[PDB]
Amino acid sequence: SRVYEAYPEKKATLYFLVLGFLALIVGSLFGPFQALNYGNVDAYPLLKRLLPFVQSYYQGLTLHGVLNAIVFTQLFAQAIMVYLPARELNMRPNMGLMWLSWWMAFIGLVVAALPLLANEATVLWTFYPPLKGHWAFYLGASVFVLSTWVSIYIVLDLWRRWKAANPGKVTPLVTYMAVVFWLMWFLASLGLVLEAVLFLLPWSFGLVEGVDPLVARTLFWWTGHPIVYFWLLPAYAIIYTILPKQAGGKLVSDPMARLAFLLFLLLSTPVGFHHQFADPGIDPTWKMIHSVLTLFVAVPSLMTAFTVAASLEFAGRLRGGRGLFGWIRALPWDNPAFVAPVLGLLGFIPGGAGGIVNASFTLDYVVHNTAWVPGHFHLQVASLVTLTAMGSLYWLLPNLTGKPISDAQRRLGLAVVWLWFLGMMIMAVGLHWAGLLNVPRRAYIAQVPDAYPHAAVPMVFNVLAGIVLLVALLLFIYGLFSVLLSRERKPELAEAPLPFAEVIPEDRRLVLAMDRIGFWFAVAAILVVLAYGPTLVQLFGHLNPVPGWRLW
């Protein structure tokens, strides 16, 4: 193609998307089965005829976790948060590096997959020691995640190059977001990298007899929280800089948008103890500090809610809608690229609400490790992030391929988006509710059918969600292939501008402060030292490694 000759970043981007969705599809095959399980219905005999390599509910659960929460979300982030700044800056990302990042991701994913498919690493996506997986799982996962360090390089490159040609100009919006995002992702990433290099790899290679569980978990959750922000921000970039165009309006504030991002750089990483509220050997004063900081990181989404709601209202008003509710009907509800994100945001209301409870230190003892947690996150990632990614098919795919979306394809997109949204909501009810009834997360409950009689009601929701989502998923498979494998090509589509919104003047002072990135980067990194340093120093000073086990 002449267009790929001129915009090679289109094709690398496409590869990240497709691989991402393929990861999503396979990971998601296990969802309906898990939903049916949380409804006390056992359809694994079915799954095991259809996919004979699957040995247990927990192998399936690992695949689901790893492929949906690690692989898909990452590919997506790398697609969005590279290509978008590249288009706004109208500059070419380093193509050698972009390809390198892709191969790393693909290679690492392939290597990790082998043990997973072979049933040699049925730990889960959290891989907590001393459950001990195959070295290939840890190594494949490490190289997969490391793929992102290249992405970080790519975007800082593009950035500095733009600044050099444009001294004394403020960073453009998407690029500002992309930069604070990647720098955030860098600090965040170090927890897991540390964990894999100092403990998990030597351990799985047989170089050390055991790992200290508590240090593993503490390092893990260093990365483990900001990762969800690393998953979320690609969606927010789109929600902020694109959706307002799609809805028929404008972004009501660039500075507000920058502020939210900035806050995530500063606050996404020093918070991980909120996943360790029930852990021994971690001081309660530290748990409380981390809790307070977690309530703070809620703030940029509290902000986002308003910035975004106000933008959608503005779009709705521009298109004629009047009243308290009129601006809602006025929006482009026929357009899957608008619908998917907005619906995602609706679910995000109870989502963030669950998050907020989780954050509150003692309140966590009510819900910790119950079905409530899955209830919270499906709202956030399986719903908001996923739907946002889904709706990008309908504007990004054509932009990247020149492949057109038929009227028929659009209608199916709408169906897919709504059914997925709704199935996620139904499920969200069954899980939260089952969680409050003390049902454990990560558990093959259908195989202990008389264990949770009090959950009879939420169980019907989970079954229902289960069937609804299987339908939605089936229809997304057929949907995605129909576009991807489609005949027609209209190259005028690939040469179109991306639908970036215009901004509605102004706190230039604020924008300038927010643009002192190096400064904010350092601050954020200082916060991680202050919030993790004291505890890690004490943990490392008293390591207590323990034998690994394979209980599957």
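Throughout, we count residues from 1 along the sequence that is shown.
- A chain break between residue 504 and residue 505 is present, corresponding to 1 to 3 residues of the deposited sequence without coordinates.
- The stretch 48-56 shows the higher mean C-alpha B-factor when 48-56 is compared against 65-73 in the entry.
- Comparing 26-34 with 483-491, the stretch with the higher mean C-alpha B-factor in the PDB entry is 483-491.
- Out of 317, 378, 274, 442, it is 317 whose C-alpha atom has the highest B-factor in the PDB entry.
- In the deposited entry, the Cα temperature factor of residue 364 sits in the bottom third of values across the chain's modelled residues.
- When the modelled residues of the chain are ordered by C-alpha B-factor, residue 406 sits in the highest third.
- When the modelled residues of the chain are ordered by their C-alpha B factor, residue 354 lands in the middle third.
- Sort the chain's modelled residues by C-alpha temperature factor and residue 134 lands in the middle third, per the entry.
- For residue 462, the recorded CA B-factor ranks within the lowest third of the chain. Only modelled residues enter the ranking.
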